[PDB]
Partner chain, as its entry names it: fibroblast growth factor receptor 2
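This document starts with one chain, in the form deposited without its partner chain, laid out as C-alpha cells.
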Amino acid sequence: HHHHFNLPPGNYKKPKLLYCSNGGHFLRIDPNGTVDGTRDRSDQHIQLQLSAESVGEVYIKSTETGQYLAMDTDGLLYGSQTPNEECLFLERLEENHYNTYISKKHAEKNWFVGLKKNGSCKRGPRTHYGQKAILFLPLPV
C-alpha cells in the first residue's frame, strides 16, 4: 500500500451528493462527460451512486446518466460510459471526518479527486494531502 486504511463510516445503500467544503460545490458529471462542481442543489447531475469493488475501493456513478467518474492519464476527471481502471478510487477518511478519493491507477503519485474554490476540478498532479480541495462530505440526496 501507498496509503493509510482509515475508512469512513456510512455505506453505499443510497445515492449521495459529494459536497466539497472548499468552495461549497457538489461534484457534477455532465451528460457530455465534463466534470466540475456546482452550488445548485437542484441540478440533476450531482446525484451519485457509490459502490464498493473491494473494501475501500469504489466506483462513483451518475445516477442520471450512468457515467462513471474517472481520472485520465494526465490527471483530468471525466465521465466514462463504461467502467475501466481509471474509474476506481480509494475512498478514505481524512482529518477524522471527511472523505477523500485517490485515483487507484495513480495512487503512487497521490492524485486525488478535488474541486477548486471556483468550482473547477483540480488536475491530479496539482492535488496533494493537506489540501482543502480534496475534502468531501457525502450528503443525502
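Positions refer to the first chain, counted from 1.
If you look for the form deposited with its partner chain bound, you will not find it shown, but the lines that follow are about it.
*Heavy atom to heavy atom, is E86 within 4.5 Å of its partner chain in the entry with it bound?*
Contact check for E86: no, nothing within 4.5 Å of its partner chain in the entry with it bound.
| task | Consider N99 of the chain shown here, and say whether it contacts its partner chain in the entry with it bound, taking contact as heavy atoms within 4.5 Å. | result | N99 belongs to the contact set for its partner chain.
With a 4.5 Å heavy atom cut-off, would you call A107 a contact of its partner chain in the entry with it bound?
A107: no contact with its partner chain in the entry with it bound.
Would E64 count as touching its partner chain in the entry with it bound under a 4.5 Å heavy atom rule? No, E64 stays farther than 4.5 Å from its partner chain in the entry with it bound.
If you look in the entry with it bound, which residues in 88 to 109 sit within 4.5 Å of its partner chain (heavy atoms)? Heavy-atom contacts within 4.5 Å come from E91, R92, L93, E94, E95, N96, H97, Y98, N99.
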